[PDB]
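To start, the structure under review is shown below, and the notes come after it.
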Amino acid sequence: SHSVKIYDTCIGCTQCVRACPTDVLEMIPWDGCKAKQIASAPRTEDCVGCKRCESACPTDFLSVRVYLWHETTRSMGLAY
Amino acid sequence: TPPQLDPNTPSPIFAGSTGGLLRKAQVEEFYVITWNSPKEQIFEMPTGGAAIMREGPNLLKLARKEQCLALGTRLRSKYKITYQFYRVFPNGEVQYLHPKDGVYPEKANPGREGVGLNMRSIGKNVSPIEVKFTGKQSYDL
Amino acid sequence: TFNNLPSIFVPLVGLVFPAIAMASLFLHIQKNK
Amino acid sequence: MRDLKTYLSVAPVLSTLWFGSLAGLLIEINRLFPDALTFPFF
Amino acid sequence: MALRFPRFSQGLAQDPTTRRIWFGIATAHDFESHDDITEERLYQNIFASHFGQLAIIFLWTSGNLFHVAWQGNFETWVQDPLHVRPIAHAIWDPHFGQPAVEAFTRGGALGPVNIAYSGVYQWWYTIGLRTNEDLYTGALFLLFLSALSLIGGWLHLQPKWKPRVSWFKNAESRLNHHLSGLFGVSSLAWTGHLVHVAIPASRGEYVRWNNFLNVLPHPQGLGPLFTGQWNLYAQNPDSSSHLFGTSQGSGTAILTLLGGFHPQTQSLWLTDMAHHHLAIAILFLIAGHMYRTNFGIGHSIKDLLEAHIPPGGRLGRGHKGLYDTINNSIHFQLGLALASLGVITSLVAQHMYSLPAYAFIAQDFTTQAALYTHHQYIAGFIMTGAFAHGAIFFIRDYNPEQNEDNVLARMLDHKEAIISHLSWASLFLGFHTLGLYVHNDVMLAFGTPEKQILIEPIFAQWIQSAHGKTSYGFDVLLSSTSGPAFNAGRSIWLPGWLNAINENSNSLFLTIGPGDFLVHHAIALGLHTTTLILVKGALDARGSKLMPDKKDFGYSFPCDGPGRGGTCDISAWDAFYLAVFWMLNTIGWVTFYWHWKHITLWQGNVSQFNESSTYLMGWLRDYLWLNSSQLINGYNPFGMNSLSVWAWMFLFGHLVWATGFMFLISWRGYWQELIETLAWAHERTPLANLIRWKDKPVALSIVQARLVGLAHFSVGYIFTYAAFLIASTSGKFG
Amino acid sequence: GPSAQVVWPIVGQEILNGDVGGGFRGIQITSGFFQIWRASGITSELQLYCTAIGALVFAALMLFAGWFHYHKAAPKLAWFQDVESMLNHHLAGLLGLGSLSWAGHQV
Amino acid sequence: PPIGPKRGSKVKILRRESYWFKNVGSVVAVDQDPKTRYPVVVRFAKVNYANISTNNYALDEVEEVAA
Amino acid sequence: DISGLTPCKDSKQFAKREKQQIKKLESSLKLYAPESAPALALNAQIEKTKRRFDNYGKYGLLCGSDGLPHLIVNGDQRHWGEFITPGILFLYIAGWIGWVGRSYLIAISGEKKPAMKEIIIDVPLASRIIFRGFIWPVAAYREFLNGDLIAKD
Ligand code: CLA
Ligand code: CLA
Ligand code: CLA
Ligand code: CLA
Ligand code: CLA
Ligand SMILES: CC1=C(/C=C/C(C)=C/C=C/C(C)=C/C=C/C=C(C)/C=C/C=C(C)/C=C/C2=C(C)CCCC2(C)C)C(C)(C)CCC1
Ligand SMILES: CC1=C(/C=C/C(C)=C/C=C/C(C)=C/C=C/C=C(C)/C=C/C=C(C)/C=C/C2=C(C)CCCC2(C)C)C(C)(C)CCC1
Ligand code: SF4
Ligand code: SF4
């Protein structure tokens, strides 16, 4: 649906995942930062697009990055 | 981990509201959340109003994932209980959804793989002229 | 009958052709191959 | 008075004092030299 | 390609919501973003679409000609033009009441009719086209050209004639042919019309297709041209007494350069326009044979751009690599094209009022106002589009690695300087223009208009005095008889030009004053600020400090979330969208200025504008409140008049201009959470559970709703001002 | 015209002092305060002046009361949370005796 | 040998996508692991739009200023 | 007589405007007693009007057909007092302000948290910096020549 691609500037603070209201993101093991973890995005099909993940990303610009794309009923926040 | 195999557990005491499953459950997927409450207590359910979850196992069927995960975060932060919700399509095939490894997604469990992950800084993405007349975008190389 | 021609065409383009186009484009909007 | 001079040093209090003084200056100039459209003093 | 209605996009076809419908309507002509697209197929769709547009243009002109031929009083208008009303088309509205049929019957018609404020009567009468059968023939021929363009657009979509991508990228042969033939041979052919037809038509005889091979446009006939004695085509200039349409006071010349206006029509001479189109035909036919196509001579635009690198590097790498960022990029081509088109449309507007080409078009006052307003709003829109397509080029088509350090990348190198100095110029202009306008408002309020700051526009009065206007006593090159300019032209065109410009009644170089200064600086504020918004959105199209990855989000996207303080309206599309507001404001200023200056000239009291244009309650009282009386009285409780439709359209434009505020002020989230309640109610209302949508009814998208609010806003702006400017100028007619 | 505002003659704004009537050049007010003062039977500027000094006294009184009821001796939540007393007093005393004393003034 | 700048060295930024592009900063700490891609932690005087004054930068996305 | 404008001491419409405003004030002066305070204020306004029109007469203002003082801002010396002699007097004062507020910003640029001096202005430092901008043009000139006017990034 959407396209939540993340970048290697992530520091493993786990705030993008702790803000995500749809479990799009999840921390995985990684070796590119002091915290030794990075935030994957398997459940991109559940992404509403609220960009709470990148309103909580403490990088110079951003590491998690939501690119709005084809809108499905899960991505249009529809309970009907 | 093996999923938790959603049983026919009871539901909270709720007097009914206008926030339920209208048509996204009849023809499309709807969701269901299960939480083990140590005691019977009142909680603000995400469909408007206030329900009383029972002691032991509870089950609440909601219309979309954001309701389930909002309620789950409020449960885990306010009542400190362990929630886990599913997705049930109208033909069946209940899908285990929230933890997906037993542990919550903020913890770096091994086994889960890197999907949606670019090994570059955000400003090293090529321009749209590079990916023009191609099905790919500037963030999928 | 040339002062009667506006009476023929103003409904036929303004009422009838809009019904035709709205129906046809509503069917085209909801089609599924 | 300590910490009153810091409050009067704050941007709005200082701005209202500066612009009250300045506005009184302009007002009294326009009383003294009303209806001015040229600078004839060279 | 896809399944549901947006067959060109399987992302909107796989959208359960109603957004599918809207976005498939909107993105239909964005061929660059469609599925399975190639540069070849993009170019071919563009070519066929251009054919479709030309077909619709010729069809619309054929409709004008048919409805003036069938329902128009054009045969009666060519007898007494300046005292007979044009008729655009008839009207068959079955809602009309009998008073409205009594009222809309004008121009000596069998029934109710609409007054052609478009000027097609004057223009057609000036180029020949006397009887209604001529307009019928023209409509038939333009129907034929519409079918021809449709045939061409279908034919150049078939595989046997589908042109290749490298054929639309032949940027030398196309310029060669379009300068030589589209611009030169067409101006030459219009000279052929003006000489064989329109000049004989102005001088009596009706040279038509049956008898144009056996009449002489000049009594000698191609002796002067071949023998070089071209002065023989400027022998009898039908001097100062010619009645247009009759042979009284006529002449034999066909290309005399006279300058100035006809005395009767107060338009330009058809001999002048014939010689004009001939001259620019020679110039465009010469300029065509410049670019190398197939024959071993000419320039290559590459090695003109590649060669224009200044030593010292003040520009940088110069134009090294700019042929490729325009030839391969259709949005650069479109931006440059719309820039030139907006400039020359504004030029059309600014010259058609001051140098009217058509007979008795300066005498009908509503026509000139409608035309100037039309072409200026069109020009402002076309300019806004030029810039929007420059932004779309910078996002979609700009390749920085191909054009490193050249004259185009240097824009983005110092875009902050451009944006900040435009933000200085506009800020200066607004601060001081508004300060002076408010100073004058307060001076008139306090009953001391002598205290106003009435800055005379000496620098435009000096230019007027450099053109022969003897109304300021500057004694400049053409106002001074003892000068080189009033010696090398005093025998050719300065007689007519001086006798035209010195006439205070025409629109040629109107006598200006301090209100004209102040409103010209308001105009400068509008142009600079619209430019600021558009340039800032174009140069911040690829990215900024707040969103450096904007190029990855495309041209039109809503925002970048509430994070980083808040990123509402950050796209280059949003810059365009705000610049349409500032553009409509700018053209409203230029057209308010035009219409009030001209309605005060036409009424007679230029002193009204000169004493009332310097303070804004003069614009609100003496222009908007005063001239809108006959408009809003188009339908009163005790009757109605012919301006009832313009009162209704006035209020309609008000209503949609206000409805745009719903979409601009009120944003999404409130409406989705409203339509959720509506969907609940429909799914729980008895006898309407039977009926269920197939498209899930979501609220409008964000960028969509900015567009929809802008569309309501602009429709209301345009309709309101059209109604007011036509009703006020047609309620009294000067 | 009821007028209770005069402007200062500085930049030509003195023309806002209009011929409202009564040998007075000023701004015609619209607050209806003159009508209140005729309903109170004022009939003198001395009375308006002294009630202005009284309202300044009450402004200083309320400012001192706010200072006292925040910084020097402030109630706690048991004082605000009781509302039967607040209603009883605001009814019988504020609005009851207020209307009673206004009726006394009027009578 | 400790890689990168020092724990008080002044540095400027050559990262195009940063808020502090062509703006100087103070190196807080450099992660000596040769597996972290962005070890150079920089501290800046002025916050970005996210009200944050620091970010980890690469070695080649940084330039030791001569002041 | 530039731009086709008669001077204002010679313009009949200017004197007519004067007489019209004076009659408009006198018609409001009749309603008051000749010794009363509104009447005295109206008379002071009348003398202010009369000497205003006299001063616009004597200062070389040019009046148009509407009969209002127009400003010739082109550069003619006769009318420098309309735009250029005030304009310099603006660019001085304005350039005082910007040369002060800039200099202040350079003097509090080297603090630890220099933002708590933007909202809480150091009145001693600001008063020391304010008169530095008295003769600001030579400071700005020299700082342009010394390169201290433009930061080098
Ligand atoms: C209830 C209000 C109302 C309505 C419904 C009408 C209806 C009409 N008036 Mg109007 N009129 C009204 C009030 C109204 N009048 C009032 C109060 C006045 C003032 C006295 C007038 C003054 C007036 C004049 C002066 C004229 C009319 C004309 C007309 C006719 C237009 C011909 C037509 O259908 O062409 C087709 C319609 C259009 C091209 C306009 C629609 C444009 C659409 C919205 C934009 C395109 C959208 C998109 C591309 C297509 C989507 C639809 C698709 C499915 C087809 C029509 C019968 C004209 C007439 O009869 O001439 C033939 C005419 O000249 N009227
Ligand atoms: C930006 C546009 C603009 C412009 C150019 C003007 C210009 C003017 N207005 Mg208008 N006005 C404006 C906007 C504008 N106004 C607006 C927006 C409003 C509504 C708020 C008004 C309302 C208004 C009113 C109501 C009045 C004016 C008046 C005036 C005049 C001012 C005379 C005066 O007191 O200055 C005199 C000069 C000064 C106050 C500057 C003194 C500065 C100090 C003393 C320092 C200078 C000395 C310094 C140390 C350098 C010395 C050199 C060396 C020895 C060191 C002047 C023609 C007045 C007038 O005469 O009407 C024509 C008047 O009555 N204006
Ligand atoms: C001499 C040969 C020749 C000629 C006549 C044309 C003519 C044209 N080509 Mg071109 N073309 C040529 C050779 C030629 N081409 C070659 C060799 C190639 C291959 C390299 C192409 C490749 C090509 C492409 C790829 C496209 C065209 C297009 C067009 C059309 C332009 C659209 C239009 O109507 O503009 C009309 C504009 C003008 C006449 C210019 C007028 C501007 C003046 C300054 C305005 C002011 C005066 C005004 C006219 C007065 C109005 C008053 C009153 C009458 C209203 C036009 C029919 C486009 C098109 O529409 O496709 C169908 C298009 O997409 N052509
Ligand atoms: C009347 C309405 C209005 C006004 C005054 C402005 C004013 C401005 N707009 Mg526009 N704008 C408007 C409507 C308006 N806009 C609308 C409806 C839209 C569509 C969304 C836009 C969209 C828009 C964009 C997209 C851009 C602007 C820009 C600008 C600025 C242009 C520079 C200029 O002229 O500054 C001169 C200053 C003024 C005209 C301000 C007038 C106020 C006076 C002079 C100040 C003093 C008043 C008073 C003493 C304060 C005391 C009050 C209080 C403290 C008690 C300026 C602030 C551009 C910009 O800001 O860059 C420079 C820009 O990029 N505007
Ligand atoms: C500065 C000029 C000024 C002042 C001081 C007053 C003051 C007053 N007027 Mg007058 N009036 C004025 C201008 C002014 N008016 C104008 C221009 C008109 C139109 C002709 C009138 C017409 C008028 C009428 C018709 C009436 C009054 C009345 C009154 C009185 C009650 C209103 C009141 O307390 O305001 C309260 C208003 C507010 C609390 C609104 C907010 C205003 C804030 C506080 C302004 C802050 C400005 C600040 C210095 C600078 C910006 C601050 C910062 C945020 C950036 C009061 C004596 C009434 C009366 O009974 O008089 C006795 C009455 O009936 N006035
Ligand atoms: C964004 C962008 C874009 C767009 C842009 C635009 C839109 C622009 C515009 C522009 C414009 C719109 C311009 C205009 C200009 C003008 C000019 C530059 C002028 C000049 C003039 C002159 C030079 C003159 C001269 C003369 C005179 C004065 C008169 C008489 C004659 C003579 C000749 C002498 C593009 C695509 C490009 C690219 C990318 C980016
Ligand atoms: C206007 C004003 C003012 C003033 C006011 C006043 C002056 C008031 C007064 C008031 C008063 C002066 C009041 C009084 C009151 C009283 C009362 C309220 C009484 C009551 C009584 C009773 C209730 C009684 C009972 C009884 C009886 C019946 C008999 C015997 C026994 C007994 C005692 C038990 C001021 C300055 C503030 C300012 C503002 C405005
Ligand atoms: S919020 Fe940003 S830095 Fe933190 S874990 Fe998520 S992607 Fe990494
Ligand atoms: S946009 Fe919202 S739902 Fe999507 S990944 Fe970010 S936080 Fe999660």
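Amide H to amide H, with H built 1.01 Å from N, G:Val62 comes under 5 Å of G:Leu14, counting only residues 5 or more places away or on other chains. Model label sites at E:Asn499 and H:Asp76, defined 7 Å from Cα along the beta-carbon direction, differ in position by 3.2 nm.
Computed from phi, the 3J(HN,Hα) profile of the stretch C:11-18 under the Karplus parametrisation 6.51, -1.76, 1.60 (θ = phi - 60°) reads x, 5, 10, x, 10, 7, 4, x Hz, with x in place of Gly and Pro. Nearest 10 degrees is fine. How inclined is helix F:97-106 to the longest principal axis of chain F, computing both from alpha carbons? So the helix axis and the longest Cα principal axis differ by about 30 degrees. Would you please give the FRET efficiency between H:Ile88 and B:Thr82, computed as 1/(1 + (r/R0)^6) with r the Cβ-Cβ distance and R0 = 60 Å, to the nearest 0.05? The formula returns an efficiency of 0.20 here.
Taking Cβ separations below 4.7 Å as the criterion for a possible disulfide partner, the isolated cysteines in the protein assembly as shown are A:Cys10, A:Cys13, A:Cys20, A:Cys33, A:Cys47, A:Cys50, A:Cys57, B:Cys68, E:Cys559, E:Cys568, F:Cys50. Using the Stokes-Einstein relation with a Kirkwood hydrodynamic radius computed over Cα pairs, the translational diffusion coefficient of the stretch E:300-422 at 25 °C and a viscosity of 0.890 mPa s comes to 146 µm²/s.
Remark: A:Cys16, A:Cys33, A:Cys50 ranked as A:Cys50, A:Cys33, A:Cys16, counting other beta-carbon atoms within 10 Å and listing the fewest first. What residues from the stretch D:4-42 fall in the zone where the backbone N is under 20 Å from a label point 7 Å along the Cα-to-C-beta line of F:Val7? Label zone hits: D:23-37. Amide H contacts of H:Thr6 (H built 1.01 Å from N, in plane; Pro and chain starts excluded): H:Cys63 sit under 5 Å, all sequence-distant by 5 or more or on other chains. Spin-label pair H:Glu118-B:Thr1: with each label point 7 Å from Cα along the Cα-Cβ axis, the two points sit 4.9 nm from one another.
Axis angle, to the nearest 10 degrees, between helix B:65-74 and the longest C-alpha principal axis of chain B: 70 degrees. Shown for H:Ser11, H:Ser109, D:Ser9: other C-beta atoms within 10 Å of each C-beta, ranked fewest to most, produce the order H:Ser109, D:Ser9, H:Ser11. Taken about its Cα centre, the stretch E:73-204 carries a charge dipole of roughly 740 debye when the Cβ of each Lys and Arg holds +1 and the Cβ of each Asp and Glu holds -1. Whole-Hz Karplus values for the stretch B:121-126 come out as 5, 6, x, 8, 5, 5 Hz, taken residue by residue from phi with 6.51 cos²θ - 1.76 cosθ + 1.60 and θ = phi - 60°; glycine and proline positions read x.
Placing dummy labels 7 Å off each Cα toward the beta-carbon, the span from F:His69 to E:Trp70 is 8.2 nm. If only the Cβ of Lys and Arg carry +1 and only the Cβ of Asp and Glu carry -1, the dipole of chain E around its Cα centre is close to 860 debye. Between E:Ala116 and E:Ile87, E:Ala88, the built amide H atoms are under 5 Å apart, and every one of these is 5 or more places off in sequence or on another chain. For the stretch G:3-67, the Cβ-based charge dipole about the Cα centre amounts to some 200 debye (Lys, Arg positive; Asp, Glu negative; other atoms uncharged). On the beta carbon distance between D:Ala11 and E:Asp80, with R0 = 41 Å, the FRET formula returns roughly 0.05.
Each peptide in B:80-90, C:13-23, E:663-673 gets a packing score, the mean of other Cβ atoms within 10 Å over its residues, and the list from highest to lowest is B:80-90, E:663-673, C:13-23.
Please compute P(r) over all alpha-carbon pairs of chain E, binned at 10 Å starting from zero, and give each bin as a whole-number percent. Taking all Cα pairs of chain E, the binned fractions are 3, 10, 19, 23, 23, 15, 5, 1, 0, 0 percent. Counting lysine pairs in the stretch G:3-67 whose alpha carbons fall under 20 angstrom apart, excluding pairs fewer than 8 residues apart on the same chain, gives 7. The phi torsions of the stretch F:53-60, fed into the Karplus equation with coefficients 6.51, -1.76 and 1.60 and a -60° offset, translate into couplings of 4, x, 6, 5, 4, 6, 5, 4 Hz, rounded to whole numbers, with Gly and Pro shown as x.
Put in order of Cβ neighbour count within 10 Å, fewest first, the listed residues E:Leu140, E:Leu674 become E:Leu674, E:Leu140. With a 10 Å cut-off around each Cβ of B:25-38, the average count of Cβ atoms from other chains is 1. Projecting the Cα positions of E:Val120, E:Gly204, E:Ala109 onto the charge dipole of the stretch E:74-223 (unit charges on Cβ atoms of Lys, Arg, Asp and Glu, taken about the Cα centre) puts E:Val120 furthest along the positive direction.
If each residue of separation counts as 0.36 nm, what is the full-extension length gain between B:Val94 and B:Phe133 once their alpha-carbon separation is subtracted?
Between B:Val94 and B:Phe133, full extension yields an extra 10.1 nm.
Set against the 2.2 N^0.38 Å expectation for a compact globular protein, the stretch G:3-67 has a Cα radius of gyration ratio of 1.01.
So if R0 is 30 Å, what FRET efficiency would E:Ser544 and E:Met617 give, r being the distance between their Cβ atoms, rounded to the nearest 0.05?
With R0 = 30 Å, the Cβ-Cβ based efficiency is 0.15.
Label zone of B:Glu113 (point 7 Å out along Cα→Cβ, amide N under 19 Å): in the stretch A:3-43 this covers A:4-7, A:24-31, A:38-43. Tell me which DSSP H helices of chain E clear both cut-offs, 30 Å or more of axial length from alpha-carbon atoms and a mean Kyte-Doolittle hydropathy of at least -1.0. Once both thresholds are applied, what remains is E:39-71, E:132-155, E:330-352, E:365-392, E:415-445, E:514-539, E:572-603, E:644-665, E:702-731.
Per-residue ellipticity at 222 nm from helix content only, as computed over chain A with -39500 (n - 2.57) for each DSSP H run of at least four residues, stands at -1000 deg cm²/dmol. For the peptides E:276-282, E:530-536, E:727-733, the ranking by mean Cβ contacts within 10 Å, running from highest to lowest, is E:530-536, E:727-733, E:276-282.
When the Gaussian network model of chain H links Cα atoms closer than 10 Å, the mean-square fluctuations of H:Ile135, H:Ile108, H:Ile119 top out at H:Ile119.
Taking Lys and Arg as +1 and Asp and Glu as -1, the other residues whose beta-carbon sits under 15 Å from that of G:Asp33 total +1. Only one residue of E:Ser186, G:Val42, F:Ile27 has its Cα farthest out toward the positive end of the dipole of the protein assembly as shown, where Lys and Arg carry +1 and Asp and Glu -1 on Cβ, and that residue is G:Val42. Computed from the alpha carbon positions, the gyration tensor of the protein assembly as shown leads to an equivalent ellipsoid with semi-axes of 59, 50, 38 Å, biggest first. Choose one answer from F:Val57, F:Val11, F:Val83: the residue with the largest mean-square fluctuation in a GNM of chain F with alpha-carbon springs under 10 Å. Of F:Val57, F:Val11, F:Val83, the most mobile in the Gaussian network model is F:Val11. Within the straight-line cut-off of under 17 Å between alpha carbons, the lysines reachable from H:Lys50 are E:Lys451, H:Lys9, H:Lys12, H:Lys16, H:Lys19, H:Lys23, H:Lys24, H:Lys58, sequence neighbours fewer than 8 places apart in one chain being disregarded.
Positions of Cβ are generated from backbone atoms using ideal geometry, with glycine treated the same way; all protein chains shown enter the neighbour counts. Bear in mind these aren't lab numbers, they're just calculated from the coordinates by the rules spelled out.
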